[PDB]
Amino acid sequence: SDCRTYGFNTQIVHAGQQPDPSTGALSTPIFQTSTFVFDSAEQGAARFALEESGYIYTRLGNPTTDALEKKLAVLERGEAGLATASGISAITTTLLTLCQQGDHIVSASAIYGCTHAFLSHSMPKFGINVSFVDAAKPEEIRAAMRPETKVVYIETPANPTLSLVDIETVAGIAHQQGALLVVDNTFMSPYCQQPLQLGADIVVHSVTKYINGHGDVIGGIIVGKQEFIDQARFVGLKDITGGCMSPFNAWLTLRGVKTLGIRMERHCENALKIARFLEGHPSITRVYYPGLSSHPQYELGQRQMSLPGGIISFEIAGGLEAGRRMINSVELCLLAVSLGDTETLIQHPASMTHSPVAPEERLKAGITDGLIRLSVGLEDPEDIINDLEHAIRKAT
């Protein structure tokens, strides 16, 4: 039949994949090769002319990575996919393909840190200017638009406090002003949010997080229209970033994504229980989780997201020292800085990653001294709750 006609779980398992034609091998073979052999000069010419289908060289394309790209295109309801060496490379390959000297980008301020560094420091040095706004307020996006604006860039949910951005509304604004909307969908995965269905033009992911899910792959993916993806591939990736994904990494990501549906369900079921526990704890001042009704954009979240996600942020009583004591007291949660793994990961930005940053600067950035970020894993929630409860009691 056709990949795109089955149920979403079926697509997660099957889309982009089929038994190997030569052998019937069920697992997508790992085409861990650099080059491909032509049967004749004609055959080699035909392929270079984009006049015959087939492979040439792994930086350009690869059967294993192609399977991943097709699957993710199906899952996001986009035309085509392009795998990359990292989530960052997905973002930069995209933006460096779209923008040139003199161009402009409107970006949410509440975005991934390394993305913020690329936009704040690197882009301007190539003559590409970026205006940062509070994307939770679509009017700020509109107001920042210029004749030169090529792209509006957003994440949702966003760190550190899991605020949201109204994708459909922002897409409408961007398009009216002649710009593309690029959405980083890393936090949700296509299982929980589909930006393209809401008007976004391009979706990027760090597959390092939920899509792979097993904390053993750095990688990215870009999903969008064929004609954009072709430029991202044959110019952005081929010439500019060189950020191609290893076939083995693609194969691992294909393997990891097989369980995306059941993983997201459990991540989110666990996170809701943990979020409710934290909201009931008198030593916890705030809990940021889209699944709690007190979330400022709760109703937007319910329309836009099928599940509230596996990530929670919360503030512990007693600021910096309490936050430090707490993360130093967990026995099961692991201290680390990524998310979307099968293990529960915890971080305390003020003492761990922003310790030398000025307190008042962190505060402007939404990072309070007592803020803890939690990536909820697949353990028994009771165990995670018990660990948190133990650590919190100790810290306070």
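When you see a residue number, it is the position in the sequence shown, counting from 1.
Problem set entry | Entries skipping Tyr55: at least a third of other ones | Yes; at least one third of the other entries leave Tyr55 out.
Exercise. Which has higher Cα B-factors on average according to the PDB entry: 107-115 or 214-222?
Worked result: Mean CA B-factor is higher for 107-115.
Exercise. Which has higher Cα B-factors on average according to the PDB entry: 202-210 or 149-157?
Worked result: The entry gives the higher C-alpha B-factor average to 149-157.
For this session: Have a look at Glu227, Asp184, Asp166, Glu79 and flag the one whose Cα has the highest B-factor in the entry.
Result: By C-alpha B-factor in the record, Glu227 ranks first.
Exercise. Which has the highest CA B-factor per the PDB entry: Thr28, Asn62, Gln347, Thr344?
Worked result: Across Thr28, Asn62, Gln347, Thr344, the entry lists the biggest C-alpha B-factor for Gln347.
For this session: Using the B-factor values recorded in the entry, state whether the Cα atom of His267 falls in the lowest, middle or highest third among the modelled residues of its chain.
Result: CA B-factor rank for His267: lowest third.
For this session: Would you mind ranking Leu68 by its C-alpha B-factor against the rest of the chain and naming the third, lowest, middle or highest?
Result: As the PDB entry reports it, the C-alpha B-factor of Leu68 lands in the lowest third of its chain.
Exercise. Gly243's Cα B-factor: lowest, middle or highest third of the chain?
Worked result: Bottom third by C-alpha B-factor.
For this session: Determine, from the deposited record, the chain-internal third of the Cα B-factor for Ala275: lowest, middle or highest.
Result: Middle third - that is where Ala275 ends up once the chain's C-alpha B-factors are sorted.
Problem set entry | For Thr84, the third of its chain into which the C-alpha B factor falls | Bottom third by C-alpha B-factor.
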